[PDB]
Amino acid sequence: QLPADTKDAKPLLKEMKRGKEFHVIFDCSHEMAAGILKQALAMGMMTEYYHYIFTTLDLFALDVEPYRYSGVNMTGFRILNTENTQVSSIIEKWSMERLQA
Amino acid sequence: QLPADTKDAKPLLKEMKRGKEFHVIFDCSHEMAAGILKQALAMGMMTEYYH
Ligand SMILES: *[C@@H]1O[C@H](CO)[C@@H](O)[C@H](O)[C@H]1NC(C)=O
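Structure determination for this entry is recorded as cryo-EM, at 3.88 Å resolution.

This is the structure:
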């Protein structure tokens, strides 16, 4: 269980490092998933060894640019059918309609 | 050698990962030192294995 006081998984992540649990399922929200990923990066928990799965259905929203070259074989799940052209067009319509982000 | 005309050592670090070189002795000004360390962190080449 991630600490409920704040999204600072420093002790829990260090415990995983001590336990050497490589394959690590998650069950989070993409907002908290981003923080967990960033804190994992600061511990070197994001290399060619670890292998995650995010139950979050918003994995594609993650800014994976700082992690794309890391070599982690991350996984996830996407239900938003963004591959379709109509869905994609509605996506840009949403992006332009959202004046404040 | 860190490529000249730029500071993006990305291919060098990737080759190091292919080369499995776990020990490194950099030699550069502190600005280039910070740059190369950040780029190494990008590839995740910065864990307790390396030195
Ligand atoms: C790539 O993913 C496989 C599982 O499909 C995993 O066993 C392997 O360690 C991964 N390679 C990495 C993370 O470099």
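A. Representation of the overall build of chain A. Along the backbone of chain A there are 3 helices and 2 strands. Starting at the N terminus and ending at the C terminus, chain A contains elements arranged as α-β-α-β-α. Along the three orthogonal principal directions, the C-alpha set of chain A runs to about 45 × 30 × 20 Å. Across the 101 residues of chain A, 29% fall into the buried class.

B. Looking closely at the pairing of strand β2 (residues 51–54) of chain A. Residue and element names in this part refer to chain A. Along β2, the buried face is formed by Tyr52 and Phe54; none of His51 and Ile53, which line the opposite face, is buried. In this structure, strand β1 (residues 23–26) lies alongside β2, joined through 4 bridges in parallel fashion. Paired with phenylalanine 26 across the strands is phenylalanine 54, a residue of β2. For the handedness criterion, the β-α-β arrangement of β1, helix α2 (residues 30–42) and β2 is classed as right-handed.

C. Structural view of the interface of chain B and chain A. Listed per partner, the contact involves 12 residues of chain B and 11 residues of chain A. Between chain B and chain A, a total of about 810 Å² is buried, with carbon and sulfur atoms accounting for 54% of that surface. When the area that chain B buries against chain A is broken down by residue, the three leading residues are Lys17, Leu41 and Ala42 of chain B, summing to 37%. Across the chain B-chain A interface, the total number found is 2 salt bridges. Residue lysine 17 of chain B pairs with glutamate 48 of chain A through a salt bridge whose shortest N-O separation is 3.0 Å. Summed over the shared surface of chain B and chain A, the result is 4 residue pairs in polar contact. Put simply, the parts of the chain that give the side of chain B that touches chain A at least two residues each are α1 (10–19) and α2 (30–42) of chain B.

D. Up close: the environment of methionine 45 of chain A. Positionally, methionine 45 of chain A belongs in the loop between α2 and β2. Dropping the residues within four chain positions of it, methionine 45 of chain A is found in contact with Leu13, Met16, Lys17, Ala40, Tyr50 and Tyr52 of chain A.

E. Layout of a nonpolar patch on the surface. Taken together, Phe26, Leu37, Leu41 and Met46 of chain B make up a surface patch of nonpolar side chains, about 320 Å² in accessible area. In this structure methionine 46 of chain B comes out as partly exposed when scored by relative accessible area, which is 40%.

F. Representation of the site of the ligand in the model. Residues and elements named next belong to chain A. Around the ligand sit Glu48, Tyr50, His51, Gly71 and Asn73, and that is every residue in its neighbourhood. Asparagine 73 has a polar side-chain atom sitting 2.4 Å from an oxygen atom of the ligand. Here the residues of the shell around the ligand sort into 1 nonpolar, 3 polar and 1 charged.

So, how was this worked out
Residues numbered from 1 in each chain as written, not as in the entry; some residues may be left out. Chains lettered and ligands numbered in written order. Part of a larger assembly, values for the part shown. Heavy atoms only, no water. Helix = DSSP H or I, 4+ residues; strand = E, 2+ residues; numbered from the N terminus. Buried < 20%, exposed > 50% of the residue type's maximum accessible area, 1.4 Å probe, protein only. Pairing = 2+ DSSP bridges. Right-handed = clockwise from strand over helix to strand, strands pointing away. Contact = heavy atoms within 4.5 Å. Buried area = accessible area lost by both parts, 1.4 Å probe. Salt bridge = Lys/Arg side-chain N within 4 Å of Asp/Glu carboxyl O. Polar contact = N/O pair within 3.5 Å; in protein donor to acceptor, adjacent residues only side chain to side chain. Patch = residues over 30% accessible without salt bridge, like charges linked within 9 Å, V, L, I, M, F, W, Y side chains within 5 Å. Areas by Shrake-Rupley, 256 points an atom, 1.4 Å probe, with all protein chains shown as cover. Near = heavy atom within 4 Å. Nonpolar A, V, L, I, M, F, W, Y, C, P; charged D, E, K, R; others polar.

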